[PDB]
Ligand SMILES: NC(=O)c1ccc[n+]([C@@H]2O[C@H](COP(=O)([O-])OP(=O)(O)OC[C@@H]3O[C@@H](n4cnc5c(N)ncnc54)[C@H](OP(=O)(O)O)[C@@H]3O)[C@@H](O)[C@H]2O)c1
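Only one chain is shown below, in C-alpha cells, and it's the form solved without this ligand.
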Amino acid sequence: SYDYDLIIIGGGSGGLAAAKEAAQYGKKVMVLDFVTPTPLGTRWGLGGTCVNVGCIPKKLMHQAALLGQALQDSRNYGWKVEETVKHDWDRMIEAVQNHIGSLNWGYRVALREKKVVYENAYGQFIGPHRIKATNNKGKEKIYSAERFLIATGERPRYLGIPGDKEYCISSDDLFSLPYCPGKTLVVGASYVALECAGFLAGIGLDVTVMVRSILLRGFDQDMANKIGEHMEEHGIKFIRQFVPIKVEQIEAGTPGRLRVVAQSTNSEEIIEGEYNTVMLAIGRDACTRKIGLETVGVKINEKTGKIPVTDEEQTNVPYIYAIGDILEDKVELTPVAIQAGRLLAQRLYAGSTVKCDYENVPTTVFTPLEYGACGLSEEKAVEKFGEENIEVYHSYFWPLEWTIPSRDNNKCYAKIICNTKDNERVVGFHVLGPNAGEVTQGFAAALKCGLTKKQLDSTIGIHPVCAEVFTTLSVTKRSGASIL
C-alpha cells in the first residue's frame, strides 16, 4: 500500500527517539533530516538541535567555564598553579566539535543497525499520505507513508533590524565559531542568552547582555533576579531596557569590530557600543511554515507557528502526529521530546496506553551559578491556590567546597513552595547552586509521588552535600525571619 509505515520529518531528539522505538516493532521507517544553513553558512550533521547546537555543546562550554573556576579554587586546596591561566578558544571548539561528530556518527550507525532509512533531504508535504524530499544537490523524490510524525523543531529568531543577518551570530553559529568572539554583546534574556553570556565570561571574555524587560520570562522571577545579580557581581555587564535598532560593520575580521546602536524601551534615548561579536538570543521560531501542511490539512496556530495536538500527540489529521518544540503549550526540552517519541511509538505499534506526562517537568538553567526548578514558580502558585494558602520555606547555603577558596557565601539559595490546603504539598521546587540539575532530578521524582513537607522533613540529609539544605527548611517568607 504505502512506501513506509512511518515517515518522520526531522532527525532531532524526538524524531530519532520515535524512529528507534518504531523500528523495534518491525515497522518500516524513514527519517528525513536536513539542516538548512545559517545566514552565515553554518551547517551540521544528524541529531538535531540538542546534539549539534544546543544542550551538548552548551553544557561542555559551561564546563570549560566551571573548570576555569576550579583552577582558581585549587590554589587554596594546595595545588601550585600559575596565578592566571589563559584559555584557548580554538582548542575548545575542536574538542567540542570532535564530540559532536562522534554523536552525529553514532546516530547514523544506530539507524542503520535498526534498519531505519535515513535520507538527508528536506521534507515537504505535497498531498494526502505523500511527501516530497529535496536533497542537497537539488534532486526531488516522492514518498508515501501510512503515518507521519512532524518532528521539525525550531530555529533562532532574528530582530528585524539592518545588519542582524549579515553581521550577527546566533546559538547556531557560536558552537562552531572558527575564531574567538572577543568582546561580545548577547542580545536577549532567555536561558540560552544567560547561559552563553555566563560561559563566555567564564572563559575570560568581556561580555555584555542587553535586555528588553525581564530576565528569564516564564521562570520564577525571584530566582531570575538572583541569577542576574550573580552574573553582574562576577563580571557580566547588563544594559537594561534597550533593544538594538541597527548593527553596522566598522571593520571585517575574525573577529572584526561592530557598532551596535540601541534604543531605550521607555524613551527616545539612544546608546552606541562597539563589540567584536554580537549574539542574538531572543527566542526561536517553529519550522512549521514551509513544509506543505496546507496540502494535507494540518491545522496550526498561525500567530505562534505551533501545532495543536491531542494528549496523544495527534494533529487534526488522524494519521499525522507531531512532537517536540513544535507543539502548542507543551514543554520545549529534549527529554520531553524523547519521552513523547518513545511513548507514541509504543502506543501506535505495541498496544500501550501510556501517555506523556507534561506536568512538573524539571529543568536546569546552566548559568554560572546553576538554577534547577521543578513545578510551580512562586508567582504561579499564588495565582493558582491563593497567597494565603501558599507557604514558602527558604534558606541560603554555602557549599563546603567554597569555604577554603573563601568565596560566595550567602549566594546559593533554596526554596520550596507548599500548598497548605493540600497537606503542605510541595508544588514548587527551586535551587540556585552548584550541580543544580543533579540535585533537582530526584526531587522531580518526589513531586511525581506527591511529596509533602512532613515527608520532606522526615527525610534525612546526606552530609556534607548541598542538597541536604532541603531536609531542614524551617523559615518561611511569611514569618519575615532572616535567613543569613
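The first residue of the sequence shown is number 1, and the count goes up from there.
Although it is not shown, the form deposited with this ligand bound is what the next lines describe.
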(message) Can you work out whether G188 and this ligand are in contact in the bound PDB entry, taking contact to mean some heavy atom pair no more than 4.5 Å apart?
(response) yes
(message) At 4.5 Å between heavy atoms, is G127 in contact with this ligand in the bound PDB entry?
(response) no
(request) With heavy atoms only and a cut-off of 4.5 Å, decide whether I404 touches this ligand in the bound PDB entry. (result) no
(message) Given that this ligand is not shown alongside this chain, does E332 nevertheless sit within 4.5 Å of it in the bound PDB entry, heavy atom to heavy atom?
(response) yes
(message) Tell me which stretch of 266-274, 73-81, 155-163, 137-145 has a heavy atom within 4.5 angstroms of this ligand in the bound PDB entry.
(response) 155-163
(message) Please tell me which of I282, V116, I169, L205 lies within 4.5 Å of this ligand in the bound PDB entry, judged by heavy atoms.
(response) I282
(request) Let me know the one among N389, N409, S213, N225 whose heavy atoms come within 4.5 Å of this ligand in the bound PDB entry, would you? (result) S213
